[PDB]
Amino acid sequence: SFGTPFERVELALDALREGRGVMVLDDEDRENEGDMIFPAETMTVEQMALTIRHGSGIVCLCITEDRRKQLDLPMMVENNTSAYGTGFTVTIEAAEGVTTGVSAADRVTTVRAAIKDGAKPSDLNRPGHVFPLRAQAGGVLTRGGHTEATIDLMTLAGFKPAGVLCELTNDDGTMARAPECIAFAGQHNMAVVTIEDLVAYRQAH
């Protein structure tokens, strides 16, 4: 890489603000993945389209524990037995403005439905094809995962604490590793930052 943890985080924040996305890489001894993330408020149909096309296709919406209650999306399992304690809630669908809810456009509508000011639970049907992740309070200083990094990022950048995220994926079905992600981030002018970088930053500030 290049530069300090700190300028990478600031470029990250500019990117988001600028409508560009971010590639968030994490601990090579963890997920070892990089996530294409964008703010729920700005992510374009075109962008969502590229995330379905090059990501896992399992495109998630990072939300706060406080918005989770507002929409009343129960956590998915009470005995979350998952390796990463990943914070899946019940899945969602825009209650209208969509169809099968799986096209790019439909998922963006659903994200906007979820993030709207004054968004009420009736605004969402269940189940659906957008996957909310409840970010652990204290973000990356508490839990050091993509979910948290996202919210920490929206928050610093000045947005609502809500972000779309998805794993980069080699055409062969294997996960993209660091080198791949960074070239891809390169080609799409999304700022590369790592969870190490954001934990360094928050602490510092």
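Numbers for residues come from their place in the sequence shown, where the first is 1.
For the pair 26-34 and 50-58, the mean B factor over Cα atoms is greater in 26-34.
Taking the deposited Cα B-factors for 108, 98, 114, 73, the highest one is held by 98. Per the deposited record, the Cα B-factor of residue 39 falls in the middle third when ranked against the other modelled residues of its chain. Placement of the Cα temperature factor of residue 195 within the chain: highest third of the modelled residues, per the deposited record.
Ranked by C-alpha B-factor against the other modelled residues of its chain, residue 181 falls in the highest third. When all modelled residues of the chain are sorted by CA temperature factor, residue 170 is found within the middle third. Among all modelled residues in its chain, residue 104 ranks in the middle third by Cα B-factor.
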